[PDB]
Amino acid sequence: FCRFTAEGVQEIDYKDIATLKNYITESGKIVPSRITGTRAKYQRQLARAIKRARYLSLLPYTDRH
Amino acid sequence: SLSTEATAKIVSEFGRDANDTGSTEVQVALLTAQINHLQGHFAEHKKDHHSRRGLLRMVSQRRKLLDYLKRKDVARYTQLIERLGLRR
Amino acid sequence: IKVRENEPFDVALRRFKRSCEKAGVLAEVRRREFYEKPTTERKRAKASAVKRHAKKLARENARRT
Amino acid sequence: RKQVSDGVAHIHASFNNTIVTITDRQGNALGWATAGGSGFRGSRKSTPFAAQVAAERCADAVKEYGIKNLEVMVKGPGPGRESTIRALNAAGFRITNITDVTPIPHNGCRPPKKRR
Amino acid sequence: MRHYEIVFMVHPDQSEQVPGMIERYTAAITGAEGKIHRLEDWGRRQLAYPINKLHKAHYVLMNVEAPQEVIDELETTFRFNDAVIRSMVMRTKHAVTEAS
Amino acid sequence: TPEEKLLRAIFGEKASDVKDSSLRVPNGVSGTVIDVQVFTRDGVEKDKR
RNA sequence: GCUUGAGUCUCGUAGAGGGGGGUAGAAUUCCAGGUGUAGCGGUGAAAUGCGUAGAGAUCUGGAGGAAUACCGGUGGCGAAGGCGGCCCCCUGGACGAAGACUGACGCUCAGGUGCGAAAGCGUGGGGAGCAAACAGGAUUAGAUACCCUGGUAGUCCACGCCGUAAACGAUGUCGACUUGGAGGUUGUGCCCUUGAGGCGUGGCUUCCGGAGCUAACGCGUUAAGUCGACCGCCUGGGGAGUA
């Protein structure tokens, strides 16, 4: 039940990470779609946001090495 | 892929209206224009076996409305292949 | 991944470790891949997970003893 | 020696092997002990009690260096990690930070086939 | 013609000689028929994970409407620039102006 | 409320918890607001005001 | 000649569909350098082997070859087979709101053509993990089997050949008709989408059941139900799906 991918219209970009640091666990993992209740489609769309965040170094692959 | 910028022009030339696209000389030239532009796809990389059934589809259907124009107006049939050139 | 907590512990406490992933890497890297298991267990597994919910709705009807 | 207070106890516990290893803050093994080097050859190599003796066999001659506040980075999720981490915390140390640094790749090559 | 959300990071070393290249890149889009949607220079924001050598890179955003054959030459230049270490683009149709 | 929670538990902070309970002109007045003097949060400054 | 059949066009949608190339992170084997121990692997138990010519382990760096985590959903694409990171070039199939048209232009099919996982072979590269042939220690009355330490064809990529399967919800393909629900996945029209709702309309798929069928289990709008069209096949098993 969130106003992210239901009322928050038009794909959520990874530029504003003041919200994406809520979707990743403080390490680098992703929070399951059964935890933060969002429709599987947009959890893959947020999976596209987090993926490109891992490609442009905003949201890493993991915390440290 | 048959660009829309070209489709509306073929229907503009061959078809007698902007939207009277359900006629013989339209659907044929349209699908023929698909092939004519599809050259770039089945020339390079070559190994598109799944895209082969897509070809199968549109080429055969084309030969189906020609399959009908033949039984109706042989004057326009030889004329259609004469303007655009879709026999060869 | 990494837990600190300055000095109110007097214990190892692997809480955040097991809260992040910890074993989730070991379970997949110890033995051979076996190209078949994914198909198998993704399906079988979640099917049975759905049954618990189905159990919730079908166990409250009668039971009049 | 080495003039260090911050040590790094790398613990690799796979199956029948549990190795406690206090190293320098870099990873310079200043001393270690195996549960299989402390005897217990066999099924006991897979027993946390041997693991706690290992924690001790590796907790000695380390304050000769000067380590008190130490890091315990484990790269071996075995049967201990209580029996031994709480053992160093029982030896008299204060583990500033208890770490679990599991290397995490997106699944790559293939490991051996086993147990079947 | 086509929308490409070009986001790139250069070296904190080029943190001062890149705004001059900001003039270069977008002026080239002007010399290649194209409008920019949001010209931004935030600063040398701290990276997520260290990229081979140094942490904290200099981020700069463009998000520009230019031909694909032009951004193709452009990403080539980015990839072949000692400043830019990473530079990727998105797909067409959609565009932004907030980015915050 | 049940159907609104979790948003203000993940998304942000002040994006919902706050509402609007303004003040209005008492019935019986028909004039023009003239002077306005306001003051802000000592020690930990308010917004742009 | 006309349309409720097929199909095309206008405007859009999601993805392990495919082909060619490239990129990212990290890792097993091996090599070298700093430290250091006398043990390591493994099994029900034991052991060949390795090691003091300093292994296993730990930190950093590096060349090859191959594989895609959490997100993952009896979910998705397809004739079938089969197939999961991403991007770039190109393209197809499935489906839908509201309309304009050709006017049955449709379905299937022996010989035939094409697709055909995996594997074997001819050729140019190839070798980390593993593994036919083979060697060794043993449970044992024996071991050319289960275990373990090595290792060649192979596993990978491209061009051809054999044209083979549990190539199986075991149920051929196409159309029409016959009370529903919990679901999953992907669009849209209408109403105050004020909000993650309500009422209809299609594809795929699972389970519980009605009419019906069957030896029975059970299938059941994706039917093993009711009809029509087209195709292959059977007449007890073995012999043999073999010469």
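Cβ: placed from backbone, ideal geometry, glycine included. Neighbour counts: every protein chain shown. Read-outs: derived from the displayed coordinates by stated rules, not from any lab.
General observations
- Average other protein chain Cβ within 10 Å of Cβ, residues F:4-16: 3
- Working note: Cα atoms of chain B, range along each principal axis, descending, whole Å: 39, 28, 20.
- Among A:17-24, A:53-60, the order from most to least packed when residues are scored by Cβ within 10 Å on average: A:53-60, A:17-24
- Reachable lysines, given that their alpha-carbon falls under 26 Å from the alpha-carbon of residue F:14 and they are not under 8 places away in the same chain: A:15, A:21, F:5, F:46, F:48
- The C-alpha atoms of chain E define a longest principal axis, and helix E:68-79 lies at about 10 degrees to it.
- Percent of Cα pairs exceeding the 23 Å cut-off, where the set is region D:1-111: 26 percent
- In plain terms, the chain from residue B:21 to residue B:48 could stretch by 6.7 nm, reckoned as 0.36 nm per residue minus the Cα-Cα distance.
- With the simple spin-label model, which puts each label point 7 Å out from Cα in the Cβ direction, the residue D:17 to residue F:9 separation comes to 4.7 nm.
- Extension gain, residue D:116-residue D:41: 0.36 nm per intervening residue step, less the Cα-Cα distance, totals 24.7 nm.
- Between the helical axis of B:74-83 and the longest alpha-carbon principal axis of chain B there is an angle of about 50 degrees.
- In chain E, Cα pairs under 8 Å separated by at least six residues give a relative contact order of 46 percent.
- Counting only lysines at least 8 places from residue B:70 when in the same chain, those with an alpha carbon closer than 28 Å to its own are B:9.
- Taking a ≥ b ≥ c as the square roots of the Cα gyration tensor eigenvalues, region D:31-80 comes out oblate, since a/c reaches at least 1.5 and a/b does not exceed b/c.
- All-pairs alpha carbon distance profile, chain A, 10 Å steps from 0, percent: 22, 58, 18, 1
- Cα centre as origin, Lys/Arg/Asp/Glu Cβ charges: region D:23-73 dipole, Debye: 220 debye
- Taking one quarter of the surface of the C-alpha convex hull of the protein assembly as shown gives a mean projected area of 48.8 nm².
- Simple spin-label estimate for residue D:97 and residue C:6 in nanometres, 7 Å along Cα-Cβ: 1.6 nm
- Sites listed here are trypsin sites (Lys or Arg not before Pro) in region B:22-59 whose DSSP assignment is loop and whose Cβ has at most 13 other Cβ atoms within 10 Å: B:46, B:47.
- In chain A, the GluC sites (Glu not before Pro) that fall in loop regions by DSSP, at most 12 other Cβ within 10 Å: A:7, A:26
- Spin-label pair residue D:82/residue C:15, simplified geometry with 7 Å Cα→Cβ offset, distance in nm: 1.5 nm
- Viscosity 0.692 mPa s, temperature 37 °C, Stokes-Einstein D of chain E from Kirkwood C-alpha radius, µm²/s: 238 µm²/s
- Pairwise centroid distance, computed over Cα atoms, of region E:10-36 with region E:37-70, Å: 11 Å
- With Cα atoms defining each centre, region B:42-72 and region D:38-116 are spaced 67 Å apart in the structure.
- DSSP beta bridges in the protein assembly as shown [antiparallel fraction, %, rounded to 5]: 80 percent
- Residue range of chain C that is longest and free of trypsin sites (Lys or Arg not before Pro) which are both DSSP loop and sparsely packed (at most 16 other C-beta within 10 Å): C:33-58
- Gyration tensor (alpha-carbon) shape descriptor, chain C, a/c threshold 1.5: oblate
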